[PDB]
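J.: Take this structure, written in structure tokens, and hold onto it; I'll ask about it next.
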Amino acid sequence: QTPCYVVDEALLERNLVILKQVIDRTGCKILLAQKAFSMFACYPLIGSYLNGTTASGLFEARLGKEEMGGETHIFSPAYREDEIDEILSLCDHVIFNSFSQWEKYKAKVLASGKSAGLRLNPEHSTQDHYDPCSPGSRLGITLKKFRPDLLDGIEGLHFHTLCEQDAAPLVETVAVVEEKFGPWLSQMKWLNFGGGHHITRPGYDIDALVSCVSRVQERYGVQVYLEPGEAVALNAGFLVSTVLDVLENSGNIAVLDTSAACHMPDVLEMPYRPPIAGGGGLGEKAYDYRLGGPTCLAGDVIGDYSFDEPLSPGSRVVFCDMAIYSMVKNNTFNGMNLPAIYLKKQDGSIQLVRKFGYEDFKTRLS
Amino acid sequence: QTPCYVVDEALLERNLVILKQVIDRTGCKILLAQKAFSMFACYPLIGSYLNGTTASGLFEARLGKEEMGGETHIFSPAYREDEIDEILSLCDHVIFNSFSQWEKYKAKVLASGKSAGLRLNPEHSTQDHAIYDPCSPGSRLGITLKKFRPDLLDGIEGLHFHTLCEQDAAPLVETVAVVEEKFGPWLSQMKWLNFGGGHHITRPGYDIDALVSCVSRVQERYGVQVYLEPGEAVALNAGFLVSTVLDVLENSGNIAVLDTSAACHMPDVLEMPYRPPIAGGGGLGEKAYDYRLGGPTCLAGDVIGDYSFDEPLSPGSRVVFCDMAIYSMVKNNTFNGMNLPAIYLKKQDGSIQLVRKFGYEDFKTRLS
Amino acid sequence: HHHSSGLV
Amino acid sequence: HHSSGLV
Ligand SMILES: [K+]
Ligand SMILES: [K+]
């Protein structure tokens, strides 16, 4: 039933095997950053390789705790007073964004017995200066604002500064963390290097990551955590769509039953061009098509692709790398029904996980 | 309870009064285009001024029919075979995007007795940004003249176009003239024409008289019922998003972390992008304190904007974003697991009613 | 686009 | 994100 997401356990496992290699070679721990991928039908499988989850807030923390188990970590730029009590029940590690936040909740944290951390902003930009180390970032504590006199009760330090990056910028950022915050690392029980590590992308320098993690754990006597999101589900899911109509207007136009605006919003927002199985670039194959959504939106154009044979009503189009940053942020704009969610099991069978309908659209509006 | 949307009936009514003026002065009909605003707690009020709704698909058609009543129109670039029967049971006017679509469903339409139309692409661009313009080359929306099939119009009772966005009357008048030049020989036989949305009818300064004159002339010349289907105009400047400041910090300037997220709760702010109005907020350097306002998400880029205020923002300060009824609740999300803002209705008598409050289950049920 | 005319 | 998709 199209449109539908399909997540493939064998492809998830290919990624998880690499992450488990890093765990086994270093003694570090690795958590799923749920903001990238929260498909909890897969949490038990993921939890059989990884150590738990991290969360952006109460809802992700509850989902990780209840559907995966293991360790449940959380970070937020600012916690809500009306949620901190439940957060401290669910989570075993809780990361604060500022000294004001830490001091506000310190008494409750100590009474809960859970492990408190602080997020650091090392001000070492390795992206495009969306970069958490860009000037004016609200994420993490800069050295100039760091309060060593207020570290009683802090057991960990955390940073997250990367996105789809290799080991070298991590190694470089760790060196800056040591230069700036070095005197306060020894007293911690754990350090968390964040996400953005493209660990499962072919060619990633696993050896450099292993060496860096091991050196830090040894030098400071800490447990290191990594919290990748994208790497867990990279190239492990698809979005399957059926062509509904084909028309001619200064070229071939295909109306699909999936919408970029509703079902893969980053395609339009970023923007980026998703891979299509059997699809090429314009002029690469025999037929060029502009693929558009079934919405009333002039701008809901998925992209221009070529195919060796015609697309016609009933043709199936398979978008790739559709597990990450997709289902976690899709919407019902224009009243489009949400795509169904399927799981392709490692034995090859396919299970319907979730099918949506009118009530899912209606209940958001009043 | 913040963050929360608040829609104000008095401000909705200010807009609806203008739309009703147009109906009363012309005898046209006006529908709510639900894609902009689908807050069905307000549909009875809206339906007391307007003639019904139009829809982008089955779900909007069902919502309009069940929650407003009146007339229920629909247009889609391509209908699903598994939905056409229910669509025909709900809708009284059904607009097809192509002759292939019309011919595919013609037999069912005739059996249903509902009124069929076609969307035209007059290929007359008047919008600034071509990416959003349904008349831009290669558009998938509507039938261009070179593709028009006069021999296949048996059973067609209406013609439709939608080509504007936040525009005054003059671009509509100009587009109507193009429609007459290109499709004129086929207008007389229609029962209705639909001029679409994008008419900024409720924006102060809109040339209502020019709209009235154009609608009246077309209705008279061709003996048709004209429909307008604004979305934004119905709810323009009729809602707010109220947020509380959670933390304030300093990093090359003052930063406030709010309990609302642009990425989750007003995504057009980041995507367009655009700067939403804040009550009491000015531009950078205009008032005493400059702040960068950011969301409570783990997203470096979830920055609402830079604003100035006469007094400091502190934890507990309330910030009120304006013009938040349109293209907001209809497309928001639970990225990062942020809870959806509550929805309130400020009634004509000044009382405030909680319409809908969300929680964990609304986030979880979307994921498996 | 769709947010040109907001007012306090 | 979305920089490394493959068929
Ligand atoms: K230690
Ligand atoms: K007529």
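Residue numbering restarts at 1 in every chain; chains get A, B, ... in the order shown in the structure tokens, and ligands count up from 1 in that same order.
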Might you pull out every residue within 9 Å of residue C:8, with only C-alpha atoms counted and same-chain residues fewer than 3 positions away left off, and present them as a VMD selection string?
T.: chain B and resid 237 277 to 280 321 to 323
J.: Only C-alpha atoms, please: the residues just picked out, written as a compact mmCIF listing (two decimals), in the first residue's frame.
T.:
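Final file, again33.txt:
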# COMPACT_ATOMS: atom_id res chain seq x y z
CA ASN B 237 -3.90 38.09 11.50
CA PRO B 277 5.84 39.54 14.23
CA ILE B 278 6.23 39.59 18.00
CA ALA B 279 4.07 41.86 20.13
CA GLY B 280 6.37 44.43 21.71
CA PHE B 321 3.93 35.67 17.92
CA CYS B 322 1.31 37.11 15.58
CA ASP B 323 -0.39 35.97 12.35
J.: How would you write, as a CSV table (one decimal) with N, CA, C and O atoms, in the first residue's frame, the set of residues no farther than 9 Å from ligand 1 when counting only C-alpha atoms and all ligand atoms?
T.:
chain,number,residue,atom,x,y,z
A,155,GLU,N,29.2,14.7,36.9
A,155,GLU,CA,29.9,13.5,36.6
A,155,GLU,C,30.3,13.3,35.1
A,155,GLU,O,31.0,12.4,34.8
A,185,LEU,N,38.6,17.4,33.1
A,185,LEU,CA,38.2,16.1,32.5
A,185,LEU,C,38.5,14.9,33.5
A,185,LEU,O,37.7,14.0,33.5
A,186,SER,N,39.6,14.9,34.2
A,186,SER,CA,40.0,13.8,35.1
A,186,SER,C,38.9,13.5,36.1
A,186,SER,O,38.7,12.3,36.4
A,187,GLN,N,38.2,14.5,36.6
A,187,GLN,CA,37.3,14.2,37.7
A,187,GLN,C,36.0,13.7,37.2
A,187,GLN,O,35.1,13.3,38.0
A,188,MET,N,35.7,13.6,35.9
A,188,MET,CA,34.5,13.1,35.4
A,188,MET,C,34.5,11.6,35.3
A,188,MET,O,35.6,10.9,35.2
A,189,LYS,N,33.3,11.0,35.4
A,189,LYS,CA,33.2,9.6,35.2
A,189,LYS,C,33.0,9.2,33.7
A,189,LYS,O,33.3,8.1,33.3
A,190,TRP,N,32.4,10.1,33.0
A,190,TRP,CA,32.1,9.8,31.6
A,190,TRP,C,32.2,11.1,30.7
A,190,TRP,O,32.1,12.2,31.2
A,217,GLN,N,39.8,7.6,26.9
A,217,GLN,CA,39.4,6.8,28.1
A,217,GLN,C,40.6,6.5,29.0
A,217,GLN,O,40.4,6.5,30.2
A,219,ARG,N,43.6,8.2,29.2
A,219,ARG,CA,44.2,9.3,29.8
A,219,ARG,C,43.4,9.8,31.0
A,219,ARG,O,44.0,10.2,32.0
A,220,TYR,N,42.1,9.9,30.9
A,220,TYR,CA,41.3,10.5,31.9
A,220,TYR,C,40.5,9.5,32.8
A,220,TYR,O,39.8,9.9,33.7
A,221,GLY,N,40.6,8.2,32.5
A,221,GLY,CA,39.9,7.2,33.3
A,221,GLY,C,38.4,7.5,33.2
A,221,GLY,O,37.7,7.5,34.2
A,222,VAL,N,37.9,7.6,32.0
A,222,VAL,CA,36.4,7.9,31.8
A,222,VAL,C,35.9,6.8,30.9
A,222,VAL,O,36.5,6.2,30.1
A,223,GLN,N,34.5,6.7,31.0
A,223,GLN,CA,33.7,6.0,30.0
A,223,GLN,C,33.4,7.0,28.9
A,223,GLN,O,32.7,8.0,29.2
J.: What's the separation between atom CA of residue B:293 and atom CA of residue B:256, in Å to one decimal place?
T.: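 Taking atom CA of residue B:293 and atom CA of residue B:256, their separation equals 5.0 Å.
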J.: Could you list, as a ChimeraX atom specification, all residues that come within 8 Å of ligand 2? Count only C-alpha atoms and all ligand atoms.
T.: /B:187-192,222-224
J.: Given only C-alpha atoms as the basis, pick out the residue of A:343, A:154, A:171, A:299 nearest to chain C.
T.: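 Once distances to chain C are computed over only C-alpha atoms, the minimum belongs to A:299.
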